[PDB]
Ligand SMILES: Nc1ncnc2c1ncn2[C@@H]1O[C@H](COP(=O)(O)OP(=O)(O)O)[C@@H](O)[C@H]1O
Ligand SMILES: Nc1ncnc2c1ncn2[C@@H]1O[C@H](COP(=O)(O)OP(=O)(O)O)[C@@H](O)[C@H]1O
Ligand SMILES: [Mg+2]
Ligand SMILES: [Mg+2]
């Protein structure tokens with residue numbers, strides 16, 4: 001079967017089946033509970049709008065990103081985001097598809113372990129693999145050497161690679177990124 | 001069984017069974033004791049004529065409304081009005097029917113608690129629920145967003161709603177309404193010689209206001225035109241003859257809505273309190289509120305108001321937004337139609353304040369979860 | 001009276017007919033205005049795309 | 001009745017005025033239908049130019 005190449009990121013979740021050119025569904029990763037009271041009855045008001053739906057009703061929501069700086073600070077919201085990504089934006093049950101998450105360098109271990117535990121227990125995938133976000137960006141350029149500066153929205157990290165041999169002592173991770181520029 | 005959708009209002013009580021198009025019985029809410037002595041014996045003279053009966057014997061009565069500005073100031077008279085409404089205009093005993101009253105926003109708590117206590121103790125209804133008069137008017141339009149300006153006869157209030165989530169911090173309640181316009185018209189008619197003083201003649205001035213007055217599109221041009229030509233002077237026949245001619249009093253009476261400085265009120269008109277109510281809302285739902293401005297209530301029936309208000313708001317608002325004013329022809333009964341729709345819903349059937357709940361928590365149950 | 005009776009009945013029927021006509025036409029004008037506005041929003045989308 | 005006679009006459013006149021507005025609303029409906037069709041066409045051409 002085909003593999004699911006998910007990419008959590010921080011600010012935009014990008015996902016799609018392996019072997020294509022562009023991600024199938026790209027949508028902000030925000031989960032916003034309503035904050036006002038609500039008087040219309042039977043309007044079908046949900047308790048949390050996630051993804052791109054909460055960028056249209058954002059006038060009466062309190063959007064809050066579940067990923068602060070690479071690390072994940074709110075596991076329930078992240079689980080909700082993943083569930084939405086699998087079931088509504090791709091409509092493929094995870095029981096029949098391998099997954100390939102991505103993770104920033106130098107992140108806490110507990111984050112990665114919890115990520116794999118969720119993927120194996122809740123969604124019950126067949127097999128998942130976690131890859132460093134810079135090696136992939138080096139794949140896409142068709143190179144095999146080079147030093148890649150991957151300035152995302154959460155964290156900016158700079159992984160040098162030569163001839164396929166990564167240099168673990170030369171990774172410089174800096175926490176300034178797009179969110180701090182927005183602020 | 002069926003629910004009773006009563007709507008106390010202030011000036012006209014509108015009631016009827018849930019699920020219809022129009023209220024079954026609409027009659028003024030006035031209770032007038034006789035004031036003269038009375039010499040015929042055995043004529044069967046009662047001590048208080050209520051409802052539409054006192055609009056026919058008003059020549060020898062002293063009519064007095066039991067609801068001043070939304071709030072209820074005379075509880076015995078209001079109880080009498082309710083008793084009349086249930087037993088003579090609908091002829092259905094309240095022991096077998098839920099009731100759905102309506103209440104203006106930002107009203108005193110004691111009024112609402114006393115209302116529920118009366119409905120549960122005196123009339124002994126099975127279950128009653130109190131709803132804000134603007135949400136119903138939004139129901140009737142079939143929308144789910146929009147900012148509704150419900151200019152009744154007692155009080156004008158402006159409740160903005162988005163996606164079903166009401167914004168409690170943006171409700172702008174103003175106490176200028178139809179009654180103050182009647183008093184101001186009665187006060188400016190004296191400039192031609194016609195003096196109306198008695199509380200019975202207030203009804204005649206109200207009829208003049210309803211049948212003749214209109215809202216000018218541009219005030220200064222109309223004031224200049226009425227002062228040169230005579231194409232505006234419309235005449236009207238009093239209940240006894242002696243026709244009267246109304247000149248530029250026609251568009252000066254309802255102009256008070258847009259310039260409350262005429263009756264000495266400080267606040268801004270209904271054209272600017274809507275814009276202020278919008279600007280208090282969040283920055284991302286202002287376009288939808290601009291496009292779905294809803295009018296309701298009786299006093300918004302003046303010929304030519306849906307254009308004056310749109311012109312004013314377009315002047316105030318940013319030039320890019322589209323300003324649209326929804327003015328359905330069934331404006332007067334909009335609140336009651338919305339009340340019927342709400343009472344007819346299946347999802348709403350478990351929100352009533354059941355009597356056993358009131359017995360356990362007292363009248364203060366209304367402020368609790370069952371709002 | 002009979003003359004008044006017929007006058008009253010005919011005027012009432014005419015009034016109800018006019019009311020129904022104007023109400024349904026109001027619904028129609030609402031619908032067509034919705035058509036116009038929603039089409040305008042499509043126009044804005046297209047303008048942004050082309051630019 | 002004389003007053004009922006005047007009332008029925010006034011109500012039938014009101015019916016006729018509602019019919020005049022029925023005509024005006026018909027004109028609005030027709031012109032807005034032209035607008036709807038023109039918008040369909042213009043949106044089609046805009047999307048084509050986008051392609
Ligand atoms: N065209 C653009 N110009 C400038 N900044 C952009 C542009 N597109 C995205 N950004 C910034 O980049 C962020 C998205 O980064 P992204 O690569 O999606 O992060 P992640 O690595 O979490 O996927 C946004 O928050 C935005 O601030
Ligand atoms: N056709 C009309 N033209 C102008 N004013 C009207 C008209 N009908 C009613 N009004 C005014 O509106 C008032 C009735 O308002 P209403 O909506 O019944 O108040 P409530 O909200 O208490 O029911 C009357 O006192 C009258 O002054
Ligand atoms: Mg990234
Ligand atoms: Mg009202």
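Along the chain as shown, residues are numbered 1 onward.
Cβ atoms are placed via backbone N, Cα and C, with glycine included.
Copied over from Swiss-Prot, here are the features:
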MOD_RES   A:40  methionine (R)-sulfoxide
MOD_RES   A:43  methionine (R)-sulfoxide
MOD_RES   A:69  tele-methylhistidine
MOD_RES   A:80  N6-methyllysine
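Annotated features taken from Swiss-Prot, shown on the structure.
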{"residue": "A:40", "record": "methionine (R)-sulfoxide", "DSSP (3 states)": "coil"}
{"residue": "A:69", "record": "tele-methylhistidine", "DSSP (3 states)": "coil"}
{"residue": "A:80", "record": "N6-methyllysine", "DSSP (3 states)": "helix"}
Intermolecular Cβ proximity, modified residues A:40, A:43, A:80 versus chain D, under 8 Å: none
Candidates A:40, A:43 (modified residues); min other-Cβ count within 10 Å returns A:43
If one looks at the chain holding residue A:69 (tele-methylhistidine), which residues at least 6 apart in sequence have a CB under 8 angstroms from its CB? A:10, A:154, A:155, A:175, A:177
Cβ neighbours within the same chain of the residue listed as 'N6-methyllysine' - under 8 Å, at least six residues apart: A:31, A:48, A:50
